[PDB]
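Here the structure is laid out as structure tokens; the discussion comes afterwards.
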Amino acid sequence: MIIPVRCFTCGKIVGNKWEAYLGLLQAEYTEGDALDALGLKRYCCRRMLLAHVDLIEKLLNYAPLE
Amino acid sequence: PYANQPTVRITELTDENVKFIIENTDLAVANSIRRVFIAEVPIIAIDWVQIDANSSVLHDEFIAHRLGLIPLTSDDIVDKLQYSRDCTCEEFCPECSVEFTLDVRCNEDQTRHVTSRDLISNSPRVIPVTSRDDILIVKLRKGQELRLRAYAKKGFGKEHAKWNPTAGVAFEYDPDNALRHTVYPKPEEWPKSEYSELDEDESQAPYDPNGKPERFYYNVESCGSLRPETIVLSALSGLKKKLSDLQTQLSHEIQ
Amino acid sequence: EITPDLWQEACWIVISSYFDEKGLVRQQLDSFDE
Amino acid sequence: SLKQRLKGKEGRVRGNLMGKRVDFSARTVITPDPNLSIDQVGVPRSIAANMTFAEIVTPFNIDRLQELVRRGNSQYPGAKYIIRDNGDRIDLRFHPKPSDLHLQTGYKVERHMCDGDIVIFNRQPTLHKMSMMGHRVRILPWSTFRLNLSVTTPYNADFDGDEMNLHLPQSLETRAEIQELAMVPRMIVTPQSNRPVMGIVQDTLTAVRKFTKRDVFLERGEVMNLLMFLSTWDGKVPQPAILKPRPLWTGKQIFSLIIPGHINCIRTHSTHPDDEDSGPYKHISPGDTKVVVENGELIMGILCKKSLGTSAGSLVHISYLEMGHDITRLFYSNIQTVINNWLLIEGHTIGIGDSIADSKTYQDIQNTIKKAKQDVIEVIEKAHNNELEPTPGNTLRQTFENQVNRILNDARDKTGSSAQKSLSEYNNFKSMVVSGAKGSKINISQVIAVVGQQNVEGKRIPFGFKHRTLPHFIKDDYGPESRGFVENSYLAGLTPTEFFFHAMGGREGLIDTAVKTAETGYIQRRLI
Amino acid sequence: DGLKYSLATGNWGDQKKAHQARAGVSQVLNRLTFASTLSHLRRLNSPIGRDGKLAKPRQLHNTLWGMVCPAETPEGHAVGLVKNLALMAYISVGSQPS
Amino acid sequence: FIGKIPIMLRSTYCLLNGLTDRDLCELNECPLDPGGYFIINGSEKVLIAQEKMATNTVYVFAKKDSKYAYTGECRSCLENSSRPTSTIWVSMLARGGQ
Amino acid sequence: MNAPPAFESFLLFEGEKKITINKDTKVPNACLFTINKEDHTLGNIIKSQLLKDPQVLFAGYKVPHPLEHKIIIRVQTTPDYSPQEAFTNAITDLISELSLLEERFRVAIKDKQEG
Amino acid sequence: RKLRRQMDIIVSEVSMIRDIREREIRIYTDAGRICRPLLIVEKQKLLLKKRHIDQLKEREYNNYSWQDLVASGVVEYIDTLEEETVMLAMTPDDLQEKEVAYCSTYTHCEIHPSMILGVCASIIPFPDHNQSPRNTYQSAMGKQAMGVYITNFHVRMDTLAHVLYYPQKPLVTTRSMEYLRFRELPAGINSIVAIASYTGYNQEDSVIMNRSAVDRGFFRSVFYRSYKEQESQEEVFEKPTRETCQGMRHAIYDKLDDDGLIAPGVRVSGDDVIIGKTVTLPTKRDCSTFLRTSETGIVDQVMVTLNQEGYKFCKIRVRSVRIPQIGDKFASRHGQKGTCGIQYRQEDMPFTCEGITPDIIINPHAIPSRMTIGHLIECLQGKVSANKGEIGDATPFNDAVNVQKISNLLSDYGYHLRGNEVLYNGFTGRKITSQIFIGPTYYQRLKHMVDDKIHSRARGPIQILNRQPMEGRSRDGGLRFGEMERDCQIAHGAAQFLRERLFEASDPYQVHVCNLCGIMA
Amino acid sequence: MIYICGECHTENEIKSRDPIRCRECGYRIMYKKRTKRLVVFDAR
Amino acid sequence: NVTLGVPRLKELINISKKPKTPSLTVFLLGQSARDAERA
RNA sequence: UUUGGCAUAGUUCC
Ligand SMILES: [Mg+2]
Ligand SMILES: [Zn+2]
Ligand SMILES: [Zn+2]
Ligand SMILES: [Zn+2]
Ligand SMILES: [Zn+2]
């Protein structure tokens, strides 16, 4: 839905890295290099960014009730 | 029948990381300190949310749960505060909590990111760690609105994991398997530890029957709330107060 | 003009084109339309 | 019509007289709890606060019952009703007047279920009498029916979404009946086959073998812990076997403390050869088989499914027949707790390293498979040249199929034997197979070497299309691959035709499972 | 009313004669997950009695290669009688042979 | 006017046929929704494909212990006009005559 | 629904005593200590410190159920020495070790930064 | 065949069969025949060429598509009984090539042999390393996992709906999931699973879950339920009053507004009144609707409208967040189902050298008898992918993915090649003697929770015709004491318990009878 | 009592015994407005 | 080649005069038992 | 502090 604030396994904060990760990918980076640059060191933290599916972008399409 | 004489050496010390080596200590003491890092170090975190208006695409419990996990800098005032169950106030007073306020509305044609930058506290020393990017809370369309009031109590990681002050506590003893505490079916497939003191050909240290685990290696990484030296000191003082209160109660019971 | 040992991408290009053209519930829609 | 009302199931007689819905019943999910006794069940606080038992007021308990009534229906250790001698009911769910709270002997107070209450626990279907046994209530925080693990075998219950039923007897007479007749420790040995109906199940069983190996030497602190988990322990730490240069105990030296009384038994490990009993070293047993228990001490041997299991004459069976239910219950509980807390030191796992073989073994398996395929080809050539001679009592097709299936079975068995004998002493498949916990040598063979032939209705895969199995084969192809002999193991993976043939093979098992159940139930009902 | 009733209840026939009418058509769409929705929308059915002990039509015939999934089937009283289309399978719509 | 016929979603005669994802989002319809179901009294109905034996073909079977040895049936239908089926059998009596 | 609140794992309620002392009647000079609202974090240190004492013959601990917060410690000591004295000495030695460790860690921090 | 391939006179849907032996030609234009596309092999070379592949891979802004591929005579539709006169090849570049001659007259070729699997079985990774019953079980359990089921769930008043907080796409995915859109609406979370026997609470298909991970949002979801009521005397939506209405209960009417409907955002506990409706008894009768017992949800949305006829209509939705307890049911993508056994905090779970405690611990005894090796291979491939940065490919029949290649790839990141890792005990801090197999596997949270299954009864409501307890957990009914159970009690011999269960616990009664005629008097 | 229209998003007063119609847009689906009562969420 | 298991149990419990696979094991007396000729 | 029933479909567990 929206990127979680903490990494489930260890608790490192990954909730401030999604925009930077997407920007690095758009700037012609591989996913491994982007994750290395963002400081995500262990695979528990890396999977939080690798496997994330951002549905709030789709949810923002529909108009609000008011 | 007496105590040990532990010694320390700090290999690396940065703003989010402390690596040190404890020596001449028992494995039980080292592991108890390791456990106290995670669980029983008091931290300030949001524990009471009242949502005035939420027209966003996430429900109120979702937003409150996200708010709870934003770390607040409790470097110096975590000792001054009192537990809300231990305070003389009715519900909340400045001596036992910190109040936050969020009020964001979107009136533009571009999606707006509500971040932890928008959380405003009354006390200037308890602010989100991304306020000297930002922790995203929710995204708003045009016309959507969010507004709430939140209170930041004091607690430790045994109660909830939002008061856990650490990110990953690496603990390791006897990097070369001289004590044979773990037995490798094939010793040469296993990568050498970072602290190994062996050559490129030998895989395991020779057996040491008359040895006990000493020289524990730590690496305490902080999640931004406390700084990684006060995490260690508060654990040594925090464990020491548990033992002292046990001794007081035993003395009453014996007499 | 053969496609040798490059087949593991050609077959999936073909399958992707199939599912872009038709979809997954084409049977119900086509039957009701007819 | 009235005949329809009385006719069959859901009809009056057979649906409301021979079986009917009852009060004081609960049903929720069951989850494991190795810290309970054999005859205990964990109950959530909600169910206990909802179910009540009527206790008669006497001078021995009038104060306690009055305090329960004072607590009332709100607080869990409370009560719901007060029943007068005349029979008129007094409510306690709301706020009552202080006059009705008066208690005198001869009254009845319907208190909430508490610890130590006796209940009957059941899992449907109820096949044998070991499916409805009496348990003792213990109240635990969360909301599932915690029950021990050795009691899994009587119920045939695993903890994947299962549920079980709770029935609470309401009178002292029926409570004493259930206590003296249907309690779990009293049903350890079944009268169906005079064997113990419950035994160690697969996790204490995969670990007691490792505990009882010769190599296990225990430090002083580990012995302290393990003895701390022993409920039937005298209080004296036995002399260590190895006394110098460092005091070391042994796994057998502590299982001896677990074993009760003075039990004499002689079993045999599952890897005991056929020469030790004959040649020399009969009583020395180089591989540490030939379990011997003298005077309640494990002198020698490795404990496995054949010693602690649910077979006749096992160690648990001897313990029952010699000491009684009250001591066999403690036997089970102590074995489980001690072995689990030791397993917290040794650990257990299963992985790809445990499912991978050696290059020489792979070469052997591939050679055997190629030889078998060549032999099948030769048999087919001889049959085509009409040189095959029929076996008496069999048709030409029957004898050809028998020869082909025999060759393929020999190939599969030889590859399986190679895979077995190429294992290691640290392999976790071997750990879980030798100890009898879960698995079999055929499963190890299918994982490592060869999945084997797939059969439909007892015959090879039939010709679904016109004279061929699939559109990928020529017509009239009787090779091993055409009719569904999977040459690959599960680790290497199956080619698409073998995948489809394997699915066809597994469909038969699913169908038989879904079919046999109703007929078995009907047969049992007719016999009853 | 006829079309609405037959689609609403699933008894394929007239309301007066819902005895021999074959029930089980027109089920209510599953919405637990997207995979549930798709596998519901691509589903077959064999009208053989679910209590029939003879289980030859319940087996996996050789001719289901690429037409019907070899794995996806319910378990219980309808094992092998409810099936699902393969991924690339198509069903003809019909024409006239003029 | 002779009545109202239910319409299958996303079909050629629905209001969502051919619309783009932006229009679907405007109508509060999920662009990922596959369609292919009816809306009857609010609920969503799905027709289940029903297997049947092929028509207009001659099949020769045999019965276990019946009077005839071999049978042959031709389930006959006319271009989906009417008269659904008419299964004519051409049997052959067994050799166990008394 | 039946979820206990999180604070019940470390908060003594109205009536509960922190530690209760009971004797063991099976063996002379044995004693059992029951501690409420504690876990391995304290049990392990106290056991490992009791084992260092040369006049302690037995020293163990166990948690009877992971869902119920309570620690049981059993210690048996040689005559002319009591398990209560052994327990109190163990706690005192642990406190001394922790204080020394904290002092040395603080001086090590001071040496590391600005030094 | 030439005319059908040109698509000139005979539509591509028509099938043609020649029975060479029996001298018959059969042509079908019927509706209902099931067919699948196949590639065409002319002599020994596919008619599909690199020019076709390039024109397809430029599919955008080129109006070249599957129809233009079919019209070129490259692919073809083959129904079931035309497949009996065709020779197929599973893989072109492997079966068309020169070998020891098996068949040199191939007539078609398979696009990819993994297109024989359905929608629900296309999500299993490495299905060719599994067992067929396990694949069937996963096909069953894939329809019960909880994830976002549709993107517009906020305007749907569905009777029951379940949506996960933070779904993730698999780190080990099949190539054919892009067509099922499992990347866009997934259902599950990648969890660090360790296969070990830790404290005995995962025995017999149970799961140990990290409680600290759960506190951070791991496998949390919402539950939406909708209630409806229309005012079909004169039923009216109105707020009842205690001392003016005939029918009444022990519930609270103070939540309602003036018209008798709860406004959204109002927390309602079990056994409350949502919609207040009253019938004018010819002086008012209460027919209010009540929450299903013990929900404790918050009103989410209220919709007021008119039905077909013209009566006022209302649908009210209630939400309740479901935090994974110790009774909830979880399953992976390999037919391994289990319920949570107990939850440990982070300080108690075993840890690696780097402080990585597992999210889930599963018993090692589940593997040897079930033979789900796809589970282990998925774990290994996920451990490689989370470090490398790519997303692993687990399409069934590959020949370019081996356990050896995966292990070699994993050994280059500092880990043991076969996946094991030295863990430390949580309570004591000591190394565990046996190394544990740990890695990121993709788990699912099934629909079956414990809060929707717990049920108890003690003297509740009673049926009308038989005066026996009701049936149904929603109606506070009892548990049936069937004939098998009474036979078991007969075998036990507990005559008094059996009589209590069949008479006293159920309906008791008294009658009078005449001593002369056996007829009730 | 104020209901928000589901199409034009305009709130309008509607009392009991009144057809549920929307002014200036002619719609027939109306949604209740969020309550003014305050509810407290733990941030867990 | 006979019937075993559930069908056999069904037949033995509800005895029918027409079993599915009736059989009749026969033992020979003298030299017919050993020599294949009289066998 | 009072009690609707019939049918069909799907699912869980042996
Ligand atoms: Mg089960
Ligand atoms: Zn992490
Ligand atoms: Zn205060
Ligand atoms: Zn009379
Ligand atoms: Zn409007």
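For the structure tokens, the naming scheme is as follows: chains receive sequential letters (A, B, ...) according to their order of presentation, residues are indexed from 1 within each chain, and ligands are indexed from 1 in presentation order.
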
Next on the checklist: ligand 2: which residues are within 7 Å, counting only C-alpha atoms (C1' of nucleotides) and all ligand atoms? Reply as number ranges by chain.
Outcome noted: A: 7-12, 42, 44-45

Those selected residues, please, written with N, CA, C and O atoms and delivered as an mmCIF file, in the first residue's frame.
data_model
loop_
_atom_site.group_PDB
_atom_site.id
_atom_site.type_symbol
_atom_site.label_atom_id
_atom_site.label_comp_id
_atom_site.auth_asym_id
_atom_site.auth_seq_id
_atom_site.Cartn_x
_atom_site.Cartn_y
_atom_site.Cartn_z
ATOM 1 N N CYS A 7 11.769 -1.531 9.054
ATOM 2 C CA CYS A 7 12.016 -2.864 8.529
ATOM 3 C C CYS A 7 11.474 -3.872 9.528
ATOM 4 O O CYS A 7 11.748 -3.770 10.725
ATOM 5 N N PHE A 8 10.692 -4.834 9.041
ATOM 6 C CA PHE A 8 10.024 -5.762 9.946
ATOM 7 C C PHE A 8 11.021 -6.549 10.780
ATOM 8 O O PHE A 8 10.838 -6.692 11.991
ATOM 9 N N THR A 9 12.083 -7.051 10.160
ATOM 10 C CA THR A 9 12.968 -8.004 10.813
ATOM 11 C C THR A 9 13.848 -7.371 11.884
ATOM 12 O O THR A 9 13.995 -7.931 12.973
ATOM 13 N N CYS A 10 14.441 -6.211 11.601
ATOM 14 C CA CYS A 10 15.406 -5.616 12.511
ATOM 15 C C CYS A 10 14.990 -4.264 13.063
ATOM 16 O O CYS A 10 15.370 -3.938 14.188
ATOM 17 N N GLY A 11 14.222 -3.479 12.321
ATOM 18 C CA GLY A 11 13.736 -2.211 12.813
ATOM 19 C C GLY A 11 14.418 -0.989 12.251
ATOM 20 O O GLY A 11 14.117 0.120 12.698
ATOM 21 N N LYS A 12 15.331 -1.149 11.303
ATOM 22 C CA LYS A 12 15.914 0.006 10.644
ATOM 23 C C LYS A 12 14.849 0.740 9.846
ATOM 24 O O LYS A 12 13.995 0.128 9.204
ATOM 25 N N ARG A 42 21.872 -5.218 4.944
ATOM 26 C CA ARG A 42 21.512 -6.620 5.089
ATOM 27 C C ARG A 42 20.228 -6.926 4.333
ATOM 28 O O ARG A 42 19.393 -6.051 4.084
ATOM 29 N N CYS A 44 17.537 -8.450 4.940
ATOM 30 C CA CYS A 44 16.252 -8.169 5.563
ATOM 31 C C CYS A 44 15.786 -6.759 5.224
ATOM 32 O O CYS A 44 14.608 -6.543 4.927
ATOM 33 N N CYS A 45 16.700 -5.787 5.251
ATOM 34 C CA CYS A 45 16.358 -4.427 4.853
ATOM 35 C C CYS A 45 16.226 -4.288 3.349
ATOM 36 O O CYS A 45 15.386 -3.521 2.876
#

Next on the checklist: Can you work out which residues from chain A touch chain I at a cut-off of 10 Å (counting only C-alpha atoms) and hand them back as a list in words?
Outcome noted: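 Within 10 Å of chain I on chain A, we get residues 63, 64, 65 and 66 of chain A.
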
Checklist entry - Would you give me, as a PyMOL selection string, the residues in segment 36-250 of chain B that DSSP reads as strand (DSSP E or B)? => result chain B and resi 43-54+72+98-105+112-115+120-121+128+136-140+145-155+166-172+217-222

Export C-alpha atoms of the chosen residues as a PDB file, in the first residue's frame?
ATOM      1  CA  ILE B  43      12.516   5.730  24.627  1.00  0.00           C
ATOM      2  CA  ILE B  44       9.963   8.427  23.812  1.00  0.00           C
ATOM      3  CA  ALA B  45       7.367   7.449  21.211  1.00  0.00           C
ATOM      4  CA  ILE B  46       3.821   8.404  20.259  1.00  0.00           C
ATOM      5  CA  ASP B  47       1.217   6.436  22.204  1.00  0.00           C
ATOM      6  CA  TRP B  48      -2.078   8.376  21.978  1.00  0.00           C
ATOM      7  CA  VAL B  49      -3.637   9.709  18.767  1.00  0.00           C
ATOM      8  CA  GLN B  50      -6.886  11.632  18.260  1.00  0.00           C
ATOM      9  CA  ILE B  51      -7.758  12.259  14.616  1.00  0.00           C
ATOM     10  CA  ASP B  52      -9.845  15.384  14.029  1.00  0.00           C
ATOM     11  CA  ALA B  53     -10.192  14.926  10.265  1.00  0.00           C
ATOM     12  CA  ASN B  54      -8.991  12.097   8.018  1.00  0.00           C
ATOM     13  CA  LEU B  72      11.678  11.014  18.333  1.00  0.00           C
ATOM     14  CA  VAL B  98       5.185  15.484  24.861  1.00  0.00           C
ATOM     15  CA  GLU B  99       2.327  16.721  22.686  1.00  0.00           C
ATOM     16  CA  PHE B 100       2.405  16.736  18.882  1.00  0.00           C
ATOM     17  CA  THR B 101       0.115  18.394  16.353  1.00  0.00           C
ATOM     18  CA  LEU B 102      -0.353  17.713  12.639  1.00  0.00           C
ATOM     19  CA  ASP B 103      -2.598  19.763  10.342  1.00  0.00           C
ATOM     20  CA  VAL B 104      -2.108  19.419   6.577  1.00  0.00           C
ATOM     21  CA  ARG B 105      -4.474  20.180   3.702  1.00  0.00           C
ATOM     22  CA  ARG B 112       1.392  16.169  -1.571  1.00  0.00           C
ATOM     23  CA  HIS B 113       3.637  14.099   0.687  1.00  0.00           C
ATOM     24  CA  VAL B 114       2.782  14.381   4.376  1.00  0.00           C
ATOM     25  CA  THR B 115       6.076  13.596   6.096  1.00  0.00           C
ATOM     26  CA  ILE B 120       5.146  19.804  15.526  1.00  0.00           C
ATOM     27  CA  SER B 121       6.018  19.349  19.199  1.00  0.00           C
ATOM     28  CA  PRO B 128      11.610  13.451  14.812  1.00  0.00           C
ATOM     29  CA  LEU B 136       6.618   9.565   4.783  1.00  0.00           C
ATOM     30  CA  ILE B 137       3.309   9.337   6.646  1.00  0.00           C
ATOM     31  CA  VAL B 138       0.663   9.552   3.905  1.00  0.00           C
ATOM     32  CA  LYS B 139       0.077  11.042   0.454  1.00  0.00           C
ATOM     33  CA  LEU B 140      -2.802  13.414  -0.238  1.00  0.00           C
ATOM     34  CA  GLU B 145      -7.091  16.565   4.484  1.00  0.00           C
ATOM     35  CA  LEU B 146      -5.448  15.273   7.661  1.00  0.00           C
ATOM     36  CA  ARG B 147      -5.451  16.800  11.145  1.00  0.00           C
ATOM     37  CA  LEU B 148      -4.733  15.242  14.536  1.00  0.00           C
ATOM     38  CA  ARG B 149      -3.215  15.590  18.007  1.00  0.00           C
ATOM     39  CA  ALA B 150      -0.749  13.063  19.412  1.00  0.00           C
ATOM     40  CA  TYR B 151       0.991  12.461  22.740  1.00  0.00           C
ATOM     41  CA  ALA B 152       4.440  10.911  23.165  1.00  0.00           C
ATOM     42  CA  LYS B 153       4.831   8.843  26.337  1.00  0.00           C
ATOM     43  CA  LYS B 154       7.887   7.015  27.704  1.00  0.00           C
ATOM     44  CA  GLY B 155       8.455   3.271  27.558  1.00  0.00           C
ATOM     45  CA  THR B 166      18.282  -0.138  18.188  1.00  0.00           C
ATOM     46  CA  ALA B 167      18.380  -1.312  14.569  1.00  0.00           C
ATOM     47  CA  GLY B 168      20.602  -4.386  14.589  1.00  0.00           C
ATOM     48  CA  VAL B 169      22.660  -5.670  17.513  1.00  0.00           C
ATOM     49  CA  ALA B 170      25.456  -7.879  16.191  1.00  0.00           C
ATOM     50  CA  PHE B 171      26.774 -10.134  18.952  1.00  0.00           C
ATOM     51  CA  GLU B 172      29.495 -12.710  18.443  1.00  0.00           C
ATOM     52  CA  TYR B 217      32.321  -8.612  20.052  1.00  0.00           C
ATOM     53  CA  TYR B 218      29.431  -6.149  19.799  1.00  0.00           C
ATOM     54  CA  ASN B 219      28.036  -3.822  17.159  1.00  0.00           C
ATOM     55  CA  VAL B 220      25.121  -1.672  18.332  1.00  0.00           C
ATOM     56  CA  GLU B 221      23.441   0.298  15.552  1.00  0.00           C
ATOM     57  CA  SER B 222      20.996   2.992  16.605  1.00  0.00           C
TER      58      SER B 222
END

As a CSV table (one decimal) with N, CA and C atoms, in the first residue's frame, please: every protein or nucleic acid residue near ligand 4 (cut-off 6 Å, counting only C-alpha atoms (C1' of nucleotides) and all ligand atoms).
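Output (pocket.csv):
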chain,number,residue,atom,x,y,z
H,514,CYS,N,-51.1,-42.7,32.5
H,514,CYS,CA,-52.1,-43.6,33.2
H,514,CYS,C,-51.5,-45.0,33.4
H,516,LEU,N,-53.2,-47.7,33.7
H,516,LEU,CA,-54.0,-48.7,33.0
H,516,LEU,C,-53.7,-48.7,31.5
H,517,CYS,N,-53.9,-47.6,30.9
H,517,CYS,CA,-53.5,-47.4,29.5
H,517,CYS,C,-52.3,-46.6,29.5

Item to check | Selection near segment 14-30 of chain H, 8 Å with only C-alpha atoms (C1' of nucleotides), sequence-local residues under 5 positions removed, as an NGL selection string | outcome: (:E and (92-97)) or (:H and (1 or 4 or 78-79 or 81-82 or 85))

Checklist entry - So what do you get for atom CA of residue 136 of chain H versus atom CA of residue 196 of chain H, distance-wise? => result 26.0 Å

Next on the checklist: List as a list in words the protein and nucleic acid residues near segment 146-161 of chain D, meaning an atom at most 7 Å away when only C-alpha atoms (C1' of nucleotides) are counted, but skip any in the same chain fewer than 4 places from it.
Outcome noted: residues 29, 30, 31, 32, 33, 34, 36, 37, 38, 40, 41, 42, 43, 123, 130, 131, 197, 198, 199, 200 and 201 of chain D; 204, 205, 206, 329, 337, 338 and 339 of chain H

Next on the checklist: For the alpha helix (DSSP H) assignment from backbone DSSP, which residues of chain E qualify? Please present them as a VMD selection string.
Outcome noted: chain E and resid 2 to 9 34 to 41

Next on the checklist: Which residues are near segment 16-33 of chain A? Cut-off 10 Å, only C-alpha atoms (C1' of nucleotides), ignore same chain within fewer than 3 positions. Put them as a ChimeraX atom specification.
Outcome noted: /A:2-6,13,36-40,46,48-50,52,54 /B:115-116,130,133-137 /H:385-391

Checklist entry - Residues at most 7 Å from segment 23-33 of chain C, counting only C-alpha atoms (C1' of nucleotides), excluding those fewer than 6 positions away in the same chain, as JSON, numbers by chain? => result {"E": [41, 42, 90, 91, 93], "F": [11, 12, 34, 36]}

Output file for the selection above: N, CA and C atoms, as a PDB file, in the first residue's frame:
ATOM      1  N   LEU E  41     -13.635 -16.925 -12.606  1.00  0.00           N
ATOM      2  CA  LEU E  41     -14.139 -16.566 -13.925  1.00  0.00           C
ATOM      3  C   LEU E  41     -13.713 -17.549 -15.003  1.00  0.00           C
ATOM      4  N   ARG E  42     -12.664 -18.335 -14.774  1.00  0.00           N
ATOM      5  CA  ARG E  42     -12.234 -19.356 -15.733  1.00  0.00           C
ATOM      6  C   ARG E  42     -12.405 -20.729 -15.093  1.00  0.00           C
ATOM      7  N   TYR E  90      -8.432 -21.741 -25.180  1.00  0.00           N
ATOM      8  CA  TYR E  90      -9.525 -20.953 -25.722  1.00  0.00           C
ATOM      9  C   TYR E  90     -10.684 -21.886 -26.035  1.00  0.00           C
ATOM     10  N   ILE E  91     -11.893 -21.333 -26.045  1.00  0.00           N
ATOM     11  CA  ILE E  91     -13.103 -22.094 -26.324  1.00  0.00           C
ATOM     12  C   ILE E  91     -13.790 -21.474 -27.532  1.00  0.00           C
ATOM     13  N   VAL E  93     -16.376 -20.198 -30.397  1.00  0.00           N
ATOM     14  CA  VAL E  93     -17.587 -19.408 -30.211  1.00  0.00           C
ATOM     15  C   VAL E  93     -18.682 -19.876 -31.163  1.00  0.00           C
TER      16      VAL E  93
ATOM     17  N   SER F  11     -18.615  -6.268 -21.747  1.00  0.00           N
ATOM     18  CA  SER F  11     -18.953  -6.807 -23.053  1.00  0.00           C
ATOM     19  C   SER F  11     -19.307  -5.670 -24.005  1.00  0.00           C
ATOM     20  N   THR F  12     -19.549  -6.023 -25.269  1.00  0.00           N
ATOM     21  CA  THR F  12     -19.727  -5.014 -26.308  1.00  0.00           C
ATOM     22  C   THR F  12     -20.918  -4.108 -26.027  1.00  0.00           C
ATOM     23  N   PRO F  34     -11.475  -7.702 -14.435  1.00  0.00           N
ATOM     24  CA  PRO F  34     -11.493  -8.430 -15.708  1.00  0.00           C
ATOM     25  C   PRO F  34     -12.834  -8.364 -16.413  1.00  0.00           C
ATOM     26  N   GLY F  36     -16.824  -9.832 -17.170  1.00  0.00           N
ATOM     27  CA  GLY F  36     -17.363 -11.123 -17.516  1.00  0.00           C
ATOM     28  C   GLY F  36     -18.345 -11.692 -16.522  1.00  0.00           C
TER      29      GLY F  36
END

Item to check | Within-7 Å residues of ligand 3, basis only C-alpha atoms (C1' of nucleotides) and all ligand atoms, as a PyMOL selection string | outcome: chain B and resi 84+87-97

Closest atom pairs, chain I residues within 6 Å of chain H, only C-alpha atoms, as JSON lines:
{"residue": "I:28", "atom": "CA", "partner": "H:305", "partner_atom": "CA", "distance": 5.8}
{"residue": "I:29", "atom": "CA", "partner": "H:305", "partner_atom": "CA", "distance": 4.8}
{"residue": "I:30", "atom": "CA", "partner": "H:304", "partner_atom": "CA", "distance": 5.1}
{"residue": "I:31", "atom": "CA", "partner": "H:303", "partner_atom": "CA", "distance": 4.6}
{"residue": "I:32", "atom": "CA", "partner": "H:302", "partner_atom": "CA", "distance": 5.4}
{"residue": "I:34", "atom": "CA", "partner": "H:264", "partner_atom": "CA", "distance": 5.2}
{"residue": "I:35", "atom": "CA", "partner": "H:263", "partner_atom": "CA", "distance": 5.5}

Item to check | Polymer residues at most 9 Å from residue 46 of chain F, only C-alpha atoms (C1' of nucleotides), same-chain spacing of 2 or more positions, as a ChimeraX atom specification | outcome: /E:7,25-29,40-41 /F:36-38,44,48

Next on the checklist: As an exercise, work out the distance from atom CA of residue 286 of chain H to atom CA of residue 16 of chain I in Å and give it to one decimal place.
Outcome noted: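 Rounded to one decimal, the two atoms are 17.7 Å apart.
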
Would you write out, as JSON lines, a table of all residues in chain H that have an atom no more than 8 Å from an atom of chain K, listing for each the closest atom pair and the distance in Å to one decimal, considering only C-alpha atoms (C1' of nucleotides) and ordering rows by chain and rising residue number?
{"residue": "H:248", "atom": "CA", "partner": "K:1", "partner_atom": "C1'", "distance": 7.2}
{"residue": "H:249", "atom": "CA", "partner": "K:1", "partner_atom": "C1'", "distance": 5.3}
{"residue": "H:250", "atom": "CA", "partner": "K:1", "partner_atom": "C1'", "distance": 7.1}
{"residue": "H:461", "atom": "CA", "partner": "K:3", "partner_atom": "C1'", "distance": 7.6}
